[PDB]
Each structure stands twice: as C-alpha cells, then as structure tokens.
Amino acid sequence: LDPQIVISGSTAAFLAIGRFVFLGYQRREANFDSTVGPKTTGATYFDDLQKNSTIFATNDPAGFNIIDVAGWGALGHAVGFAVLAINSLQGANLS
Amino acid sequence: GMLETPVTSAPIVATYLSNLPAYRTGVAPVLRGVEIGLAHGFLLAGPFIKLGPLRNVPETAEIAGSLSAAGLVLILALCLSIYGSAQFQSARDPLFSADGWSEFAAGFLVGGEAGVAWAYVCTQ
Amino acid sequence: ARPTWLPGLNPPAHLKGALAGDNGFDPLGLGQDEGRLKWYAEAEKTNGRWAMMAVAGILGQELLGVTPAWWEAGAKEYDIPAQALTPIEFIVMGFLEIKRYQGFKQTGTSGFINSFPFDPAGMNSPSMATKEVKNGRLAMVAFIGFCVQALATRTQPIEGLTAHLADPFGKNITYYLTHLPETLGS
Amino acid sequence: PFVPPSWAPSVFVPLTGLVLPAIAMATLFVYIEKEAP
Ligand code: CLA
Ligand code: CLA
Ligand code: CLA
Ligand SMILES: CC1=C(/C=C/C(C)=C/C=C/C(C)=C/C=C/C=C(C)/C=C/C=C(C)/C=C/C2=C(C)CCCC2(C)C)C(C)(C)CCC1
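Turning to the overall build of chain C, a few remarks are in order. Helix and strand counts for chain C come out as six helices and zero strands. The linear arrangement of helices and strands in chain C, starting from the amino end, is α-α-α-α-α-α. C-alpha extents for chain C along the principal axes are approximately 55 × 50 × 30 Å. The contacts of chain C with a sequence gap of at least 6 include a subset with a gap of at least 24, amounting to 51%. Counting only carbon and sulfur atoms, one obtains 66% of the accessible surface of chain C, whose full area is about 12700 Å². Charged side chains of chain C number 15 positive and 17 negative; the gap between the two group centres comes to 9 Å.

Time to look at the UniProt feature "binding site: chlorophyll a 1" (unreviewed entry) in chain B. Residues and elements named next belong to chain B. Those places that UniProt annotates as "binding site: chlorophyll a 1" (unreviewed entry) correspond, in this numbering, to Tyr 16, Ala 22 and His 40. One can find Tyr 16 in helix α1 (residues 11-18). Residue class for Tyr 16 comes out exposed when judged on its relative accessible area of 55%. Separated by 3.0 Å, the side chain of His 40 and the backbone oxygen of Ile 36 make a polar contact.

As a further point, take the site of ligand 3. Around ligand 3, the neighbouring residues are B:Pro53, B:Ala64, B:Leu67, B:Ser68, B:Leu74, D:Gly17 and D:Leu18. The local environment of ligand 3 is shared, drawing residues from chains B and D. Put simply, the parts of the chain that give the shell around ligand 3 at least two residues each are α3 (60-87) of chain B together with α1 (8-33) of chain D. In terms of residue count, the dominant contributor to the shell around ligand 3 is α3(B) (four residues). Among the residues making up the shell around ligand 3, the classes are represented as five nonpolar, two polar and no charged.

Right, let's get into the interface of chain C and chain A. Opposite the 14 residues of chain C that make contact, chain A presents 10 residues. Both sides of the chain C and chain A interface together cover about 980 Å² of buried area, and 58% of this is carbon and sulfur. Put simply, chain C and chain A have three residue pairs in polar contact between them. When its residues are assigned to classes, the side of chain C that touches chain A shows eight nonpolar, four polar and two charged.

Turning our eyes to something else, we now look at the arrangement of the chains. Where four pairs of chains are in contact, the pair with the most contacts is made of chains A and C. Without any contact between them, chain A and chain B keep their closest C-alpha atoms 34 Å apart. There is a clear gap between chain A and chain D: no contact, and 39 Å between their nearest C-alpha atoms.

Moving on, we come to the UniProt feature "binding site: chlorophyll a 2" (unreviewed entry) in chain C. All names here are of chain C. Taken from the UniProt record, the annotation "binding site: chlorophyll a 2" (unreviewed entry) applies to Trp 5 and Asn 23. For the residues just named, distributed over 19 residues, the greatest C-alpha separation is only 6.1 Å, placing them together at one site. With respect to the helices, strands and loops of the structure, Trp 5 is situated in the segment before α1 (34-63). Of note, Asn 23 is situated in the segment before α1. Leaving out residues up to four positions away in the same chain, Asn 23 has contacts with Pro 3, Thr 4, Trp 5 and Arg 137.

Turning our attention to the environment of D:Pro4. Residue and element names in this part refer to chain D. The topology assignment puts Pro 4 in the segment before α1. Taking the relative accessible area as the measure of exposure, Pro 4 reaches 54% and is therefore exposed. Sequence separation of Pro 4 and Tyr 31 is 27 residues, and the distance between their C-alpha atoms is 35 Å.

Tallied over the full model, the rule gives nine salt bridges over all chains. The salt bridge involving B:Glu35 is made with B:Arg24; its shortest N-O contact spans 3.2 Å. Of this pair, B:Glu35 sits in helix α2 (residues 29-51) while B:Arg24 sits in the loop between α1 and α2, and the two are 11 residues apart along the sequence. For B:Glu35, a relative accessible area of 35% puts it in the partly exposed group. On the basis of relative accessible area, B:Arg24 is assigned to the partly exposed category, the value being 26%. In this structure, C:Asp22 engages C:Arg2 in a salt bridge whose closest nitrogen and oxygen atoms are separated by 3.1 Å. Taken as a pair, C:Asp22 in the segment before α1 and C:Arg2 in the segment before α1 lie far apart in primary sequence, 20 residues in all.

Before going further, it helps to spend a moment on a nonpolar patch on the surface. Residues and elements named next belong to chain D. Side chains of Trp 7, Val 11, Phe 12, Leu 15, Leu 18, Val 19, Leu 20 and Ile 23 sit close together on the surface and give an oily, nonpolar patch of about 770 Å² of accessible area. Its place among the elements puts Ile 23 in helix α1. Judged by relative accessible area, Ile 23 falls into the partly exposed class, the value being 47%.

Conventions adopted
Counting of residues begins from 1 for each chain and follows its sequence as written, which need not mirror the entry numbering; any residue without coordinates is not displayed. Chains and ligands are labelled by the order in which they are written, letters from A for the one and numbers from 1 for the other. Shown here: chains from a larger assembly, with each value referring to the shown part only. Hydrogens and water are ignored here; the side-chain numbers use all heavy atoms of the structure. Working definition: helices are DSSP H or I runs of at least four residues, strands are E runs of at least two. Numbering for both runs from the N terminus. In this description, contact between two residues means that some pair of their heavy atoms is separated by no more than 4.5 Å. Note on areas: Shrake-Rupley with a 1.4 Å probe; residue coverage comes only from the protein chains shown. By the counting rule applied here, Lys and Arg register as positive and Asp and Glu as negative, while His and the ends of each chain are not counted. The atoms used to mark charge sites are NZ of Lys, CZ of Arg, CG of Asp and CD of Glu. UniProt positions are given in the numbering used here, feature names are shortened, and annotations may be inferred rather than shown by experiment. Working definition: with a 1.4 Å probe on protein chains only, accessible area under 20% of the residue-type maximum means buried, over 50% means exposed, and in between means partly exposed. What qualifies as a polar contact is a pair of N or O atoms within 3.5 Å, subject to a donor-acceptor requirement within protein and to the restriction that residues adjacent in sequence count only when both atoms come from side chains. Consider each residue's heavy atoms; a residue with any of them within 4 Å of a molecule or strand counts as near. For this classification, the nonpolar set comprises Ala, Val, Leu, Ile, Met, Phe, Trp, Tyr, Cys and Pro, the charged set comprises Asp, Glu, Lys and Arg, and every other residue, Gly included, is treated as polar. By buried area we mean the combined loss of accessible area, with a 1.4 Å probe, across both parts when two parts are placed together. What makes a salt bridge here is a side-chain nitrogen of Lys or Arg within 4 Å of a carboxyl oxygen of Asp or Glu, nothing more. Each patch groups residues whose relative accessible area exceeds 30% and which form no salt bridge, using 9 Å between like charges and 5 Å between nonpolar side chains of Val, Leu, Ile, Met, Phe, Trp and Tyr.

Okay, structure coming up:
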C-alpha cells in the first residue's frame, strides 16, 4: 500500500471526526473533571508544576487547539501504520 | 558673526548635503548605516586590488584585494561602535544617541561587507 | 503585546518579558521559581555560547579543508598525546569555570575570570543581549542538526547543503532515511 | 613534549600583532573615556 495515502488518509479522518463529531462530547467529559476540583492550592514551585500555567488558546471557531490536534493526529498515525503493517504481512515468504 | 562665504552658505551646496544619508533625518539609524556602508564598502575594494602586494597575480589579485577590503570594513565597524560607547554615555536626531549609534554601527558592518562582496561580483 | 510563539496566545504570568528573547515560550512551565529562572537564563546563554563556538568551529574546519570530519577529530593523533590533553583541559577548565561560577553568585551576571561583566569593548545594551540569545538559540539548534545529519547522511555540514542544492527533491531527509544501507555501505 | 607545532608562528604572530592590539586599544580607549557615576 502507498504509505502517503494511507497515513494521510487515516489522519484526515481522525482529525475530521474529532473536530466535527466528538469535539462536543469530548469537551463535556472534560468538565466532569471540573466537578472534582483543582489538584492543588499552593504557591510553591512544586505546586506550580501541577497547574495550567500556559493556556493553549486557538483561533479556530470550535476551539480545536494544538493539544487536540496532537491527540487526534496520533490516533490517525497509529491506525494508519496498523493498516499498512497488517497489509504488509500478505505475500510474505518464510514470515 | 561667522565669516559668511558661498561655500559655507549657498543654496545649491546646502540642498546637496541635506540629501546625503548622514543629514537625511526621518530615516532609521540602521537604514542610514546600510546606505553609508554600501557606498564606502564598494569603493574600498578599488585601491587594494590594483596596488596590493598580489596585484600582478592574474586571479588571486581580485580575491586578495577584496578580502583585505572586507577586513578594513570590519576594523572601521569596531571604530564606529567604540566611538558611540565613549560619546553617548548619558539630541534631536535619533542617530546621536547611545541606542541610535549602536544600530548605526551594525548597519555599517552589514552594508560595508555587502558592498565589498558586491564589488567582487562585478569583477567576477 | 509582544509576539508570542503561538498566534493569539497570551504569555504566562511567570514570564514578564524582562528577559532577553522572552517570547512567552514555556509550555511545560519549567521556569516558574524566580530562583531557577535566573539560573536557567544563565544556563541558556552558556549552552548557546558553547554551541555558537562549536558551530563556527565545525563550519570553519570544513571550509578550511581540515580532515578528518568533525566527528573523527578525536581519533586523529596530534603533537600532545591524548593522555596528556585531558589533565591539561581538566585543570584549565576547572579554574575558568570555578571562577565563572563565583562571579555569577556575587554579581548575577556573566563574565570572564575576574571581570563580571566581561565587556572590554563597551558593547552592551538590551539589543545586544537580545541578539546574543537569538544567535545562540540558532547555534544550539544548528549543532544538533550537524549531529543527526552526521548519523543519517554521514556528510559534513557544508557537504550536505551542496547535495541538497544540487538535487533538492532527489536529496533530502526522505532519501537518506530510506537509503541507510547505501550511504553506510560505502 | 615541549616542542610546539610547526604552524605556531602562523597563528600567534597575527594574533599578538594584529588581534590582541586591536582588542587592547579598544579596551583602553573605552576605559579612559568612561565617565564616573
Ligand atoms: C535550522 C537548522 C537546520 C537547517 C537549515 C537544516 C538544513 C538541512 N538539513 Mg537538517 N536538521 C536540523 C536542522 C537544520 N537542517 C535539525 C535540528 C535536525 C535534527 C532533527 C536535522 C536533521 C536532518 C537530517 C536527518 C537531514 C537533514 C537534512 C537537511 C538538508 C535538507 C532539508 C531537510 O531534509 O530538512 C528536513 C528535516 C529536518 C530534520 C530539518 C528540520 C529543520 C527545522 C527548521 C528545525 C526546527 C526546530 C524547532 C524550532 C525545535 C522546536 C522544539 C520543540 C520541543 C519546542 C538541509 C541542508 C537532510 C540532508 O540532506 O542532509 C545532508 C537530512 O538527511 N537535517
Ligand atoms: C603616503 C605614502 C605611501 C603611499 C602613497 C604608498 C603606496 C603604496 N604602498 Mg606603501 N608604505 C608607506 C607609504 C606609502 N605607500 C610607508 C611609510 C610604509 C612603511 C610603514 C609603507 C609600507 C608598505 C608596505 C609594507 C606595502 C605598501 C604597499 C603599498 C601599495 C598599496 C597600499 C594600499 O593597499 O593602500 C590602500 C589604499 C587605500 C585604503 C586608500 C588610499 C587613499 C585614497 C586613494 C584617498 C582618496 C581620497 C579622495 C581623492 C577624496 C575625494 C573627496 C571628494 C569625494 C569630496 C601602494 C603602492 C603594499 C604593496 O604591495 O605595495 C606594492 C605593501 O605591501 N607600503
Ligand atoms: C604583526 C603585525 C602585522 C601583520 C601580521 C601584518 C600582515 C600583513 N600586512 Mg602589514 N602592517 C603592519 C603590521 C602587520 N602586518 C603595520 C604595523 C603596518 C604599518 C606600518 C603595516 C602596513 C601594511 C601595509 C601598508 C600593507 C600590509 C600588508 C600586509 C599583508 C602582507 C602579506 C600579503 O601579501 O597579504 C595579502 C593579504 C591577503 C591575501 C588577505 C589577508 C587577510 C585580510 C587582510 C583580512 C581578512 C579578514 C577576514 C575576512 C574577516 C575577519 C577575520 C578575523 C575576525 C579573524 C599581511 C596581511 C599588505 C596588504 O596586502 O595589506 C592588505 C599591505 O599593503 N601591512
Ligand atoms: C489550518 C486550517 C486547515 C488545515 C489544517 C491542516 C491541514 C491540518 C493538519 C494537521 C496534521 C497533518 C496533523 C498531524 C499530526 C500528527 C501527529 C500528532 C502524529 C503522531 C504520531 C505518533 C504519536 C506516532 C507514533 C508511532 C511511532 C513513532 C512508531 C510506530 C508506532 C506509532 C504509529 C504509534 C483547514 C483547511 C482544515 C481548516 C482551516 C484552517
């Protein structure tokens, strides 16, 4: 199989559904983590290491920041190589 | 007052100076540095190539002379920089200030070396 | 509203913009203790300063026809035996670095031997501080590029650039990562 | 062990005759011109 089509194709699908299908659902479940509350309430260096010091703002209308791009892109790459690797096993000698 | 004279006070002379990069206010010091550096850098290559110690070598004369012109521009850039450090330690034009002159010296180095390189390309 | 590494991203609070080259880039929030950020800021420059000299040295050695490649310099034998080089380096570097640290603790700035700051020529200003960091960061990225390009391509920095320029689409990271047997079999 | 390399003059003569003097003169010129606080 052509790696460029399969890997890019799978990544596009996983980015497309993530942006257009599961974005609303994913955000709602992320608020279920708000009900519990913040991890720590302190002002020491080690307490600062547990806070969202940097907020990744995005200009995308739906709020599809880079962290979401990395998450859904990784799944597409993972699925893409699974498809390629399995298809490679066809026509393998002594393997 | 001072002794009036056409050379000191003439219309044609005054207009010519007012258009030179040094006297053309409203331009960023860095840009003036590049404009001044290019002009001097281009000329600086001439004498080194024609009258240098390797002037009679067919092809090495161009390279050696220009490479020495580049060196002199580097030394001049140092002179400009340290002059600003000594002169401006504490007015109308931004150039005559510690911040302005430091930009001016940097532009001269960039413009001067570009002029030396541009002069070499003209030969070959 | 200074430029930030990510469009439309307000910089984090612990980054105030006072430091030279402060683009608000700290996704992991490593620098948030004022006692560590000051140490890291000094640590950024010294890594960059060594990188800047290293990149110039590798490029200079290649441009001047020095052999062998920069990653085989140690194997070559010089006037001084390799055993004698290390004790000399350890004593000299230990002295310079120890006094480098002592001055930093007292003054909080960077210098050489007994002078802090070390600015004999008087060139020093916020612009110069900014220019040092940006050129330093570029050298740090550049040096890693040399190391990895030596691993994959096994060509010296300038040599690799010429190959890319000669054949841009034919020669690139795509070609070398799929031709390790050919390049390493030579 | 002591013998320096055969190329030592090529580096040290320009270094001590053209480079260090330039830095030394720049250091001294800035120093003398420097104004007291
Ligand atoms: C800015 C420095 C720089 C520049 C100008 C070049 C230029 C070149 N590289 Mg090199 N390279 C660099 C950095 C650089 N490289 C780095 C950092 C690495 C390590 C990943 C490599 C690894 C590398 C390899 C393995 C190969 C090249 C090759 C090449 C040539 C073809 C271009 C290519 O394939 O690039 C595409 C691939 C790259 C890895 C280049 C990336 C360059 C960007 C600008 C780096 C950005 C870094 C970023 C700011 C870091 C953020 C960190 C984050 C955690 C915040 C070309 C001469 C190829 C060649 O023909 O060499 C002779 C080749 O085989 N480079
Ligand atoms: C004033 C006296 C004088 C003159 C004219 C020369 C001339 C020369 N010497 Mg000699 N030299 C002298 C004194 C002099 N020397 C002395 C006292 C010593 C002992 C320390 C030496 C030691 C010496 C050595 C060791 C060497 C020379 C060499 C040279 C040659 C190249 C110099 C060079 O690169 O200049 C570079 C020139 C410039 C950067 C510019 C010169 C000035 C320009 C032309 C002024 C133009 C002004 C312009 C007209 C104003 C216009 C204004 C308008 C726009 C309003 C040349 C033939 C070299 C050689 O190979 O000779 C064959 C060489 O190796 N000389
Ligand atoms: C120890 C001190 C010293 C040294 C090492 C030199 C060295 C040199 N002089 Mg002499 N000179 C000196 C003192 C010195 N001089 C003094 C005190 C005076 C006044 C009395 C003179 C007056 C003088 C004149 C009038 C002339 C020389 C020239 C020369 C060159 C003669 C050999 C040749 O053919 O070069 C050929 C040169 C080259 C092929 C290029 C060499 C490299 C250039 C000059 C610089 C490159 C810089 C680089 C690109 C960027 C910066 C690098 C740096 C940061 C490391 C040579 C570069 C001649 C010459 O050609 O000068 C340019 C010449 O005409 N000198
Ligand atoms: C702007 C814009 C746009 C566009 C966009 C784009 C084009 C994007 C892209 C994106 C992308 C393109 C992304 C990507 C990502 C990726 C990633 C994130 C990856 C990851 C990976 C991984 C993680 C891997 C792993 C692994 C390995 C390494 C080995 C083997 C195994 C595995 C596979 C697992 C649009 C028009 C739409 C809209 C408007 C705007």
